[PDB]
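Only one chain is shown below, in structure tokens, and it's the form deposited in one PDB entry.
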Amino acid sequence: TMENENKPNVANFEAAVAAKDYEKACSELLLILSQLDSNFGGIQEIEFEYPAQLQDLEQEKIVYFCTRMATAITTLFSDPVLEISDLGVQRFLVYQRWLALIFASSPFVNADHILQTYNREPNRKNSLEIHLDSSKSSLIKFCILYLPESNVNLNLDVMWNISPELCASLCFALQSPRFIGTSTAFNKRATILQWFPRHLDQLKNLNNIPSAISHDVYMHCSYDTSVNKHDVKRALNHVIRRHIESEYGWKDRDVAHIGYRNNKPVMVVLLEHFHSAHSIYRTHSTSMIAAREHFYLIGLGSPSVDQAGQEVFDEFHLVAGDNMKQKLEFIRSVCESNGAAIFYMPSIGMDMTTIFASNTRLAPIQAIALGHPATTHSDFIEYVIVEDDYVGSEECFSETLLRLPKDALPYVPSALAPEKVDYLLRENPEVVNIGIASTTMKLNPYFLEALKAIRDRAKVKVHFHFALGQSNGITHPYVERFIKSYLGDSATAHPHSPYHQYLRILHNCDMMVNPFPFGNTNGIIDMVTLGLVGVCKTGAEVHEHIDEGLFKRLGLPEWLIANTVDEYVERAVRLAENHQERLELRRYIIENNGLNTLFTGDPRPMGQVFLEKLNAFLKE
């Protein structure tokens, strides 16, 4: 061991490339990439120096970082001698999304200039197809640099014949970015969600693909627009199922009998991201608390759960284990000693441990809620808890829906809610400012085309202010470029800001519009707090329908809820042109708030309903 041997350092990466020490260069690259990963794209903790001009110019500094990196990576991967170890290959692909952003936030856009150095046919006649030699390493290197922004052709079928695993590894990588918003990236991912599921169904386990981003592929498919987007989840469940049976010694529990604590059947709750300052607590804690009238509640979580989070349960434990196997054995054991009646996950998808537990039999009744609002396509999950006014069509779910009364999940108000108001109802609009509250995952070509259409068609001048949640470090310059590619001078893409700065941005707006397909919840609550109105789009998925449900709870009129994109555009334009109509509507909402009603209701039905299914099951 040597002092400083694992410190990510741009100059060290560059010296290793300059010296043609391919091994030290690759490892120095992996150090920078995994740090990007830990920082969620932030560049803090990566040593580098910059021209003094960039001292206070954070975005320029970032683009400079991406540019130094892209040019070192260009030298390295263009060298025909480079041979990447096999640990190396799988490591580069888990991190592909950080290479993607390194190129996408530099002026290079993508790594196609490296790919072209791998071509062998001097014809051909298509410039965008790359005829590699037959080396294994040539295929490996092509894949690593086959980024979402690539313009180069790719035939998945041909690739799947050559190598199933390498092909699945690339498919994983291309689904895992948190920003998949441009046409080029989004279309790539769209075809992969049609093509890939029936192929992933064929793998027999997770050993030679990038499993560490499995939850990313499991969640991100929901941000697509096709009716069958979740197909990948079903096939992912089958591989996860065959993995745990072969690689672990997985035995389901016999769930014929149940146990009791204080003469109540036991509900075991496995938590992910359940802190009292965050949305899962805010939305689901009250129903869990009231479920205690009928069940003894055991919460299983990590140390990120705060005291108020732990206090929702009669009993709380850290989920123990050093790998997936042990955690699953821990979870199994709690259900065993207590003889679980119910196994419940208010959120599934965000951690991998919940995804694995869903491919498992632990209790006779097993249910999820929509903390991440997408079906599981898992045979082992019987029900989905959901508010009745938020479901679109039941055919989007493989589970049977348990449709609770629209007031059966009262929310906990955030502690950060302002206690005072200062409503700005601008009478003299040269420009109509239109705010958008969105994470980066929610951005897509369709949504951005709609906004360009509103801008193009409205007879008033509009300006869009994006208050971006996700947007951060090396992600940001790329998002901003994507947004300018549609809206030019008609848009400002604000980086991530603290809640009170986020509120000031929206406070300077005249109306809002919501992203689609995957809408807002918090953004809507915020919009109403500030006395604003806007437009949303509804559809079949819960994540599409929520906005409709909420609009209605909050006393917004039906005409702000569009059914198609061209209605969305037409209603946005209307609300933008019709100054008086807009202001009257804002005065209306300021005077009549459903807000109150979100924070109260009868939280008892989830408990009642789980009791009923358990009693049915206990009868027979």
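Start at 1 and count along the sequence shown; that's the residue number.
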request  = Taking the mean of the C-alpha B-factors per stretch from the entry, tell me the winner out of 590 to 598 and 53 to 61.
outcome  = 590 to 598
key: Stretch with the higher entry mean CA B-factor, where the candidates are 62 to 70 and 570 to 578   = 570 to 578
remark   = Max C-alpha B-factor within the set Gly181, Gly523, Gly88, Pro346 falls on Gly88
key: Peak C-alpha temperature factor (PDB record), options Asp510, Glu149, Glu329, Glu311   = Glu329
task = Would you check the entry's CA temperature factor for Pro303 and let me know if it's in the chain's lowest, middle or highest third?
result = middle
request  = Divide the modelled residues of the chain into thirds by Cα B-factor and specify which third, lowest, middle or highest, holds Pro210.
outcome  = highest
message = Is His284 in the lowest, middle or highest third of its chain when residues are ranked by C-alpha B-factor?
response = lowest
ask   = Lowest, middle or highest third: where is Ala15 by Cα B-factor in its chain?
value = middle
request  = Classify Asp133 as lowest, middle or highest third according to the C-alpha B-factor given in the PDB entry, relative to its own chain.
outcome  = highest
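Another form, the form deposited with a small molecule bound, is not on view; read the next lines as being about it.
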query = At the 4.5 Å heavy atom threshold, is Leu170 in contact with the small molecule in the deposited bound form?
reply = no
message = My question is simply whether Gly392 lines the interface with the small molecule in the deposited bound form - judged by any non-hydrogen atom within 4.5 Å.
response = no
ask   = Does the small molecule come within 4.5 Å of any heavy atom of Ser497 in the deposited bound form?
value = yes
message = Is it the case that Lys442, even though its partner is missing from this view, gets within 4.5 Å of the small molecule in the deposited bound form, heavy atoms only?
response = yes
task = Could you work out which of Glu272, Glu541, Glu548, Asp526 is the residue within 4.5 angstroms of the small molecule in the deposited bound form, going by heavy atoms?
result = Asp526
query = Only one of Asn151, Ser246, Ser333, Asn522 has a non-hydrogen atom within 4.5 angstroms of the small molecule in the deposited bound form; which is it?
reply = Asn522
request  = Please name which of the stretches 464 to 472, 211 to 219, 309 to 317, 405 to 413 has residues with heavy atoms lying within 4.5 Å of the small molecule in the deposited bound form.
outcome  = 464 to 472
